[PDB]
Structures are given as C-alpha cells and as structure tokens.
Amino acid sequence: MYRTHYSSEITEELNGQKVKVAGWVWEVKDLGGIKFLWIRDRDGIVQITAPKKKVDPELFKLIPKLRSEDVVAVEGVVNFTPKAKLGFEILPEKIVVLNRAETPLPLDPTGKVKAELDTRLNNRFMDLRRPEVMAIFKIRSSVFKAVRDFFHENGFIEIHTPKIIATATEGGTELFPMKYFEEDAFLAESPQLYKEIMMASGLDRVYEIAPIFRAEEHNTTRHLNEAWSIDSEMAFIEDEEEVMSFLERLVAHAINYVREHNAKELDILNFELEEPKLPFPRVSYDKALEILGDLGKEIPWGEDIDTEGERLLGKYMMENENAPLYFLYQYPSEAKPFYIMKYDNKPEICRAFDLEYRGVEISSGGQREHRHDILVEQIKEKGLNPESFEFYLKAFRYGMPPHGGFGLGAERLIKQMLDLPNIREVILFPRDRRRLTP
C-alpha cells in the first residue's frame, strides 16, 4: 500500500516516526529556501515541509514540478510542531508521482468556481474531492450502518426479495417494463407483497435495504427513478403504534449516530443536526386537515395531503412544537392501500401513517390486514381483482400473524436529515426523467 496513514490517523504518538501518506496534490508553495507540498486525502490535507538543508536535493527540485490533483505518495518522518497549521508536518525522504492529472479539471476542487448540479453529477469523481460533498457520502454510509445495527439489536433478520417481478400491483403506474426471455416482467417498486408473505414464515421481524425502481412521471427535488428503500415488516404487533414507535427509535438512532460519529462532517456542512426528542408528535389526518384549512390550504376529507400541504404542516410543526419530525396518522381508509387494516371500530379511517421530516415524507407504513377474507374484500373495494394477487393471498391462509411495517426511503432520510434542497445531492449517480448517465 502506498500509504500507512490517512491525514486523520497521525497522532502525537507517531512524532518522529516514519510514515507513508498519499493522495492528491492540493497546493505547492516554492518559497525559495523552503518548499511546502499539501496532499489531500478523504479525511483532509497533510503538510509536507521541505527545508532545503533537510531534504534530498532531487526532492527539493521535484516539488515545484508537481501539479494540482496529481496523485502522489510520500514517505517521511512525522514532526509535530506549532509551526504546522494542523499540528504536525511530514519531513519527506521520498516523493513518488503515481499518476498525473490533465488540465483543465472538469470541476474546481477548491470550490472557488461553482458548478451547476448537472456538471457535478457528470463528474462525481471530482465532485467528491470537495469536503462538503464527501461529507454527504460519508454520512450516507453512516446512516445505512446505524439503521442495520438498530435492526440487528432488535432481533430483525435481513432478507432479500426479487427486483425482477411479474406480479400485480395496486396502482399499475410508474412501472419499468422489461422482457424476461419470452415473458414480460417489471422492476420492483417495493418489496411490500414479499415482506408480508414472509410474515407467514416464522421469520417475524425482517428488514431489507435495497433498490426500488419507479418510472416517476416528472422530476422533483424529492424523487428519483432509482432509490434505496429501507423496508421492514414485523409480526405479532397489537396495533400500528408499535410500528411507529419502532420506526421513530430507528430514525432517532440513525440521527444520533450521525451526530456522534460524523461531527466533523456536520461542521464542514456548517450544519447543526438536532438531538431527536422522542416520542415525535402524532398528528391525526383530521387535525392535519383542520390546520391546513386555517392556513388557507384546502384538502377535501378523504383525499391524501399533497406536497404543498406537507410543506405547510412541516412549518407549522416546527413553529408550534419545535418538531422537525412528526407522524401523520389515522388516514381515511379510502386514501391508503387495500392491505392496510382499517379501525374495526371506525372503518372510515385506517391504521396507516407517514413520518414527515422537515415537511417531506420519509416513510410510509402501517398495520396490515392479516385476515384473508377482509383483505380480499378490501381488494374488491379498491376495484381490483383479488385473483391477480393470489400468490400473495395464499400466504394469509395457513396461519398468518397480525403484522405491520414501513418503507423508509434512504435518500429521503439523508436529504431531509441534512436539510438539502435536492435529493440528487444524496445518491452518487441519480436516475430521473432525462438522466440515464453516467
């Protein structure tokens, strides 16, 4: 390996020892009798100091020949000194140019010349050389880890369901059709039917973190046609609040992990990520519509709350409850899927919920209707053909425990967590109405 330590792994204990650092040339200053080389790696910049009387003459002449973004490797002695901005410098014994960069660069890694989003996406390898972008992807990886750790700690087993499928769906829209040899298939939009089927297996507590594909009609700063969904389904619940309780703790865990493990990144983003306050407020759909009405926003009882409505509610909840996160629940049964269980005592409302983060939905879920005959009737109430869901319905006939779950969008979670304007900032290679490359 061309390096022994990253910029962040050199501590005082190594003072006076030989180390190897490597990365991209950030800056070179030839100041006559002394020269400086700064190398940038994933964690920061390291200073290479070359006093004329202390380095090999060949090294002294090589430095000024180095160019921005050249990939280099340096072997030298660690010297902790107040004179070094970051606390220590490396006195070089050897400098190897591994690969030279061409010029001009596609994007300005110094951040001085700003680039439009599309140019940045077309050149992601350059984009991540900027600390504020690398910060987002480091945080994305931490969020995925925190989520899986929480699931594991809570007895959940990871499962994997098919993305190439040929079964019915409730909406029949936004599908990506594909030929599967002589048969017709589609890319999966959610593992919903499959995770429910597995509730009849004894697994009981499952999660899956995998891509979902939806051919969204038009672009928005909140949707992508390819995204990563964090799905869970859990059995033997007594109501949907047990699912909401689990979800909020999972989300709080992810937020706290980022706050604990990625403070450096949040600082680079000049962002103060709030300590979660559980339980999050619960706002019934009825109450949400009343609040929107007073704001001049009309939603007829029975219809889903639109994006403007969510935005207005998010602001209202921040102003009135200092709550960046809150649940909308007890939705009209007519506004949610046929697989959601209705309140037996008040059928017009159902056990579904949406978790809103800064006024944008990050997750949808609820308790499912596990009683076969009622489920079948609900399919009919949606004007659909139960026979088209036979492979799924069969799983409810041989001992199906009550269950519930949610789908939590990873990009949605991260975008809202960091209060970013566009979802394209949180996935490396976005897919939207017109973007298919890189």
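Numbering starts at 1 and runs along the sequence shown.
Stretches compared: 191-199, 94-102. Higher mean C-alpha B-factor in the entry: 94-102. Here the stretch with the larger average CA B-factor, out of 405-413 and 384-392, is 384-392. When the C-alpha B-factors of 41, 56, 70, 369 are ranked from the entry, the top spot goes to 56. The entry assigns its greatest Cα B factor, within the set 81, 161, 364, 221, to 81.
Annotation for residue 425: CA B-factor lies in the lowest third of the chain's modelled residues.
For residue 297, the recorded CA temperature factor ranks within the highest third of the chain's modelled residues. Sort the chain's modelled residues by C-alpha temperature factor and residue 86 lands in the highest third, per the entry.
Ranked against the other modelled residues of its chain, the C-alpha B-factor of residue 142 as given in the entry falls in the lowest third.
In the deposited entry, the Cα temperature factor of residue 400 sits in the bottom third of values across the chain's modelled residues.
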